[PDB]
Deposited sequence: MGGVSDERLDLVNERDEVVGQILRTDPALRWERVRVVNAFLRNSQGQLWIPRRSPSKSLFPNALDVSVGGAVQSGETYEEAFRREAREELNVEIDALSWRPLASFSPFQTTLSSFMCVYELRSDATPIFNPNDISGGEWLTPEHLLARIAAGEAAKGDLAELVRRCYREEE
């Protein structure tokens, strides 16, 4: 429930409670990841009726980006990142883009559909970035940074 506070250089300068009313997302770190198969499709869950990244969540105080990634992947998708191929896709700053927080975006490789945790995900589907962006453009519900992450990370 506690998060690290970071400056413009993504350097830790303090801590804050996740539920603190003074919380500012541009002052904290999150992780986001996309699961992509050999068909070039991304597994997009519905989180729960809005489209979202395959795996995503805030980095806990004292935690590194990779550790947060491993944690969210297992709690949301029941996936062990160490059991699959993955890599840092990109890193972004909230002041250099229109993304909400400082973040590291990863890409997980797998052709298997995840045995996701139903508590936060109602279902998911393999979608091409083109079709996904089209739905967002149409007005279908989606996390605020999903479209930008897809565009910045994939062409």
Numbered from 1 on the deposited sequence, the unmodelled stretches are 1-6, 54-60, 169-171
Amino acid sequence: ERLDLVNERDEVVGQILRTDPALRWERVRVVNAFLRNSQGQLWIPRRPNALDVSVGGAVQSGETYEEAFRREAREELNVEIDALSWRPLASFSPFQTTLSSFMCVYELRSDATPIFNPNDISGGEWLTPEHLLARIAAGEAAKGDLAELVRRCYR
From here on, numbers count along this sequence of modelled residues.
Stretch with higher mean Cα temperature factor, 65-73 vs 82-90, is 82-90
Quick note on 115-123 and 29-37: per-entry mean CA temperature factor is higher in 115-123
The third of the chain into which the C-alpha temperature factor of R18 falls is the highest
Of the three thirds of Cα B-factor ranks in this chain, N49 occupies the highest
Binned into thirds over the chain's modelled residues, the C-alpha B-factor of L149 lands in the lowest
For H131, the third of its chain by CA B-factor is the lowest
Of the three thirds of the chain ranked by Cα temperature factor, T97 occupies the middle
